[PDB]
Amino acid sequence: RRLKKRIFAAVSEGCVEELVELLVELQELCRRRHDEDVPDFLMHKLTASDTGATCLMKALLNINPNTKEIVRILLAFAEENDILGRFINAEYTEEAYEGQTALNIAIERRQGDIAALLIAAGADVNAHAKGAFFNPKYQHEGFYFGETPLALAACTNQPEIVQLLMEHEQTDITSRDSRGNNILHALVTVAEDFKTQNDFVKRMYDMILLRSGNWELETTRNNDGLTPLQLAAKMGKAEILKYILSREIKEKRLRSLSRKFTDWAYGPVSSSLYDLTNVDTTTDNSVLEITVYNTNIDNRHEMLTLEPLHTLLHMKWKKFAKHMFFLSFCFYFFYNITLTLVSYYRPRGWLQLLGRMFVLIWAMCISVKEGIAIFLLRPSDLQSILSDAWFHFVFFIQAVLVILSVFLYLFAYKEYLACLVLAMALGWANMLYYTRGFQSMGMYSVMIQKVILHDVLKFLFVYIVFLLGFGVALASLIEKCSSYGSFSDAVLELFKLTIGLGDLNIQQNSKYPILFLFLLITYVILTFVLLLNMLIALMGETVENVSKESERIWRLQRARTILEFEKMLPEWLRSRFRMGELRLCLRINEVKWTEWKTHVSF
Amino acid sequence: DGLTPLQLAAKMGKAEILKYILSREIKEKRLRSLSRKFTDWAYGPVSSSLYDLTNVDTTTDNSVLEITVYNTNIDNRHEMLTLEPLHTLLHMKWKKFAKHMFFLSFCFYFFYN
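Residues numbered from 1 in each chain as written, not as in the entry; some residues may be left out. Chains lettered and ligands numbered in written order. Part of a larger assembly, values for the part shown. Heavy atoms only, no water.

Judging from the entry metadata, cryo-EM is the method by which this structure was determined, and 3.66 Å is the reported resolution.

Draft legend 1. Just the side chain of A:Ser367, in detail. Relative to the helices and strands, A:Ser367 is located in helix α17 (residues 353–375). At 2.8 Å, the side chain of A:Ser367 forms a polar contact with the backbone oxygen of A:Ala363. (Helix = DSSP H or I, 4+ residues; strand = E, 2+ residues; numbered from the N terminus. Polar contact = N/O pair within 3.5 Å; in protein donor to acceptor, adjacent residues only side chain to side chain.)

Draft legend 2. Here's a closer look at the sheet that holds strand β2 (residues 269–274) of chain A. All names here are of chain A. Overall, antiparallel pairing links the three strands, which are arranged β1-β2-β3 in an open sheet. In the strand order of this sheet, the two ends are held by β1 (260–266) and β3 (587–591), each with one partner. The mean angle between the axes of side-by-side strands here comes to 20 degrees, regardless of whether they run parallel or antiparallel. Relative to β2, β1 is paired through six bridges, and the arrangement is antiparallel. (Pairing = 2+ DSSP bridges. Axes fitted to C-alpha atoms, helices over the stretch in contact; angles between N-to-C directions.)

Draft legend 3. Local environment of the packing of helix α1 (residues 5–12) of chain B against helix α2 (residues 15–22) of chain B. Residues and elements named next belong to chain B. Direction vectors running N to C along α1 and α2 enclose 150 degrees, while the axes themselves pass 8 Å from each other. Taken together, the axis directions place α1 and α2 in an arrangement best described as roughly antiparallel. Crossing handedness for the pair α1 and α2: left-handed. Mapping the contact onto sequence places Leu6, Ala9 and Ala10 in α1 and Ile17, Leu18, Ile21 and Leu22 in α2. The residue makeup of the contact of α1 with α2, split by class, is seven nonpolar, no polar and no charged. (Parallel < 35°, antiparallel > 145°, perpendicular 65-115°, else oblique. Left-handed = near helix turned anticlockwise from the far one by under 90°. Contact = heavy atoms within 4.5 Å. Nonpolar A, V, L, I, M, F, W, Y, C, P; charged D, E, K, R; others polar.)

Draft legend 4. View of helix α9 (residues 159–166) of chain A. Residue and element names in this part refer to chain A. Buried residues of α9: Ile161, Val162, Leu165 and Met166, and no others. Projected down its long axis, α9 shows its buried positions confined to an angular sector of 130 degrees, all on one face. On its buried face, α9 is in contact with α6 (102–108), α7 (112–120), α8 (149–155) and α11 (200–212). (Buried < 20%, exposed > 50% of the residue type's maximum accessible area, 1.4 Å probe, protein only. Arc of directions from axis to C-beta.)

Draft legend 5. Representation of the pattern of salt bridges within the structure. Residue and element names in this part refer to chain A. Tallied over the full model, the rule gives 14 salt bridges over all chains. A salt bridge links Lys316 to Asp280; the shortest N-O distance between them is 3.4 Å. Of this pair, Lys316 sits in helix α16 (residues 310–344) while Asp280 is found in the loop between β2 and α14 (287–292), placing the two residues 36 residues apart along the sequence. Comparing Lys316 with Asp280 shows no difference in burial state: the two are buried. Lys316 is the salt-bridge partner of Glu566, the closest N and O atoms lying 2.7 Å from each other. (Salt bridge = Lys/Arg side-chain N within 4 Å of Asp/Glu carboxyl O.)

Draft legend 6. Spatial organisation of the nonpolar core. Residue and element names in this part refer to chain A. Among the nonpolar cores identified, the biggest contains 108 residues, and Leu56, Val71, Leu118, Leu187, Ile208 and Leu288 are the most heavily contacted of them. Other than its neighbours up to four places away in sequence, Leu187 contacts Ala154, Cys155, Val201, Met204, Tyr205 and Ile208. Among the nonpolar cores identified, the runner-up in size contains 22 residues, and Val359, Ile366, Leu401 and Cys419 belong to it. (Core = buried A, V, L, I, M, F, W, Y, C linked by side-chain atoms within 4.5 Å.)

Draft legend 7. Representation of the UniProt feature "repeat: ANK" in chain A within the structure. Residues and elements named next belong to chain A. As recorded in UniProt, the feature "repeat: ANK" lies at residues 1–32, 54–82, 98–127, 145–175, 182–214, 224–246 and 282–304. Helix makes up 84% of residues 1–32 and strand 0%, whereas the separation of the span's terminal C-alpha atoms amounts to 16 Å. Here residues 98–127 is 53% helix and 0% strand, with 11 Å between the C-alpha atoms at its ends. (UniProt positions renumbered as here; feature names shortened; annotations may be inferred.)

Draft legend 8. Here's a closer look at the interface of chain A and chain B. Opposite the twelve residues of chain A that make contact, chain B presents six residues. For the pair chain A and chain B, the summed buried surface comes to about 660 Å²; carbon and sulfur atoms form 63% of the total. Our count for the chain A to chain B interface comes out at zero salt bridges. Our enumeration of links across chain A and chain B arrives at two residue pairs in polar contact. Counting residues per element, the side of chain A that touches chain B draws most heavily on α6(A), at three residues. Residue composition of the side of chain A that touches chain B, grouped by class: seven nonpolar, three polar and two charged. (Buried area = accessible area lost by both parts, 1.4 Å probe.)

Draft legend 9. Local environment of the UniProt feature "transmembrane region" in chain A. All names here are of chain A. Within this structure's numbering, the places UniProt gives as "transmembrane region" are residues 315–344, 349–377, 389–409, 415–435, 439–477 and 512–548. Strand forms 0% of residues 315–344 and helix 100%; the C-alpha atoms that close the span are 43 Å apart. Helix makes up 95% of residues 512–548 and strand 0%. Its end C-alpha atoms lie 53 Å apart.

Draft legend 10. A look at unusual backbone geometry. The amide bond that connects A:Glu307 to the next residue, A:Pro308, takes the cis arrangement and shows omega of 0 degrees. Structurally, A:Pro308 can be placed in the loop between α15 (300–303) and α16. Look at the link from B:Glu84 to B:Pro85: it is a cis peptide, with omega at 0 degrees. Along the chain, the position of B:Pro85 falls in the loop between α4 (77–80) and α5 (87–112).

Draft legend 11. Highlighting a nonpolar patch on the surface. A surface patch of nonpolar side chains, amounting to about 1000 Å² of accessible area, comprises A:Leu327, A:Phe331, A:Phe333, A:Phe334, A:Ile337, A:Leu341, A:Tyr344, A:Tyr345, A:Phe358 and A:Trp428. In terms of residue count, the dominant contributor to the nonpolar patch is α16(A) (seven residues). (Patch = residues over 30% accessible without salt bridge, like charges linked within 9 Å, V, L, I, M, F, W, Y side chains within 5 Å. Areas by Shrake-Rupley, 256 points an atom, 1.4 Å probe, with all protein chains shown as cover.)

Draft legend 12. A look at the packing of helix α18 (residues 390–409) of chain A against helix α19 (residues 416–429) of chain A. All names here are of chain A. Close contact between α18 and α19 brings their axes to 8 Å; oriented N to C, the two are set at 150 degrees. Overall, the two elements α18 and α19 adopt an arrangement that is roughly antiparallel. Along this stretch, α18 crosses α19, giving a crossing that reads as left-handed. On α19, the residues that touch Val394, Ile397, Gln398, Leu401, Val402, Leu404, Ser405, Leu408 and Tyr409 of α18 are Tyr416, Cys419, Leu420, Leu422, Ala423, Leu426 and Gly427. When its residues are assigned to classes, the contact of α18 with α19 shows 13 nonpolar, three polar and no charged.

Draft legend 13. Fine view of the packing of aromatic side chains. Residues and elements named next belong to chain A. Taken as a whole and judged by the stated rule, the model has 34 aromatic pairs over all chains. Between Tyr332 and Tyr434, the ring centres sit 5.9 Å apart and the planes meet at 40 degrees, which makes this aromatic pair tilted. With centroids separated by 5.3 Å and ring planes inclined at 55 degrees, the aromatic side chains of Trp593 and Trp596 adopt a geometry described as tilted. You can see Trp593 and its partner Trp596 sitting in helix α24 (residues 593–601), three residues apart, about one turn around the helix. On the basis of relative accessible area, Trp593 is assigned to the exposed category, the value being 55%. The exposure class of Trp596 is partly exposed, given its relative accessible area of 27%. An aromatic cluster is present here, built from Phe325, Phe326, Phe329, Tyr332, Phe333, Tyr335, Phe391, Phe395, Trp428, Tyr433, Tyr434 and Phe565 joined pairwise through their rings. Over the aromatic face of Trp362 sits the side chain of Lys369, whose NZ or CZ is 5.9 Å from the ring centroid. Over the face of the ring belonging to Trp317 we find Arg558, whose NZ or CZ atom lies 4.0 Å from the ring centre. (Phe/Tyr/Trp six-rings, centres within 6.5 Å; stacked < 30°, edge-to-face > 60°. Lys NZ or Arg CZ within 6 Å of the ring centre and 35° of its normal.)

Structure follows, in structure tokens:
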């Protein structure tokens, strides 16, 4: 009741003589045997009852210029009463830091010598700090480091303790923690995608993999089924991905770990074989399909520009995707030409039935294809971000409008013309989707979507309240017997007056003509001059901001087209795999006239 | 005028002296009642700390929050409203009772119009 808090206050600040006198006094209080329990009474007088923290963690959490010898005499006292086997490896009891033993706090607080002192004293290294704070839901709620002391020494940039732990006998390197991660997935989750100056994590990954010297750390999957390569492609870290995909290590006994084998080099020309184990579309979930089909990252073009992704997409294009894209565009052009010629020569016999049937067949095909492609619209993050969720909707709406027009035409209903001309107008406005094949037209097909979604929806969501306010404030003072008779004619007159049409004549059948004229002049100064040109200043800002970022958007849209047309193929006709076994080992060759010249010029 | 050095540095709009005063951690004994932020525990990047709210609230009639928000004679008001314990104080003051009052006021004005 009194010695426990006394020794807990004693261990904190570092009064050594008070500490050793209270430990020998605790030994005398232990000497009078109450014959209840040998270890539980010692734990009750040594560990706190609320948190679970022992005197060792309290010594380590509160470092001071006399912090080593208090741990040494405390371990000597633990060594004295035969308690050290269940004392130096004690964990928390609460479910917050549940598992955080003394070795983790020793490693985290940059105390390497105390860490080696505990590991030489018989500390456990396979401990798992599996508390909920250690594996939180997001990145901002807790410290995720893989809950092992080896990964904690690796992520906090202390390579001394990493070398000190890998040379130990018991420290299993491929130990998978609660999420499934080994040390390499934890190193990937800590790393930073932007090229910062001293990035320790690439060096740590390098030396840990070379110190292990086995393929096993590189290919174990976590609970989501992702290797470190697929995980670094998932999270969007371009530097670790660029290191892993092109890893050239030259000496013998570390050569099966390499992934790029340089075959021959001469000046700037170099031919090299890359490895394509998990970077293809052979398997169901790979680096190409991950780095193209993401939405949760921003540097997708920073990842799609490095080999063997760039040459893989170029070979995949010029082998079989260019002809499939131009063939799809030709079929959609003939479908829209046939729909236009049918809907223009409407009967106000035997020349239309051929001409109606191809339209109906291709409409049923397009509707069921988009029905499948929106049935797989499960993640609902593709809807949030601009990447090609819209065109599935518009193609499906045009197909169902065509088939509804045909089924209303074959019956006695004469409202088929509305559905048919909406189908034809939508079908000719959908041809801008096929302007992603060129380079100078992708910047013109993405601008429409960025400007409609960013600016014009905002300006219309403000302009509707001025339109409604002045519409009822003008229509309600017109005497019933000029043009402003109803609400829904005054709203049309104000819309005509906004876009430069319409008559701003004086004489409407009012009883207050000066008030009517003042409201009309105020509306024209608010929306013809102030609101409209402010919208055009905003649209200029959006178009300027997107036309300096057009080529990234075009490359990403082309890559998504490649992988969609590649998934469209059957299992046969995928006889276009890359290269025979060396492993797949795609052979590429490139010239680097900029790096060779600055490498030589020094 | 009835202003402490904290309220004066908030009045004149000096963000650096304000950032020093509001988060002043001095670690040795005999200079610890002078400190205003007490860091409770730290682990890697996560840190939990207790700040002091003597003159930085709206308990009194003239305080650092009411001064640094209701000024017009300065330009770096957002440079002062982004540092703790002003940022988390405005977030807690929003999500406790001000969001419902703002949306309720908007609904009453919409029905009136």
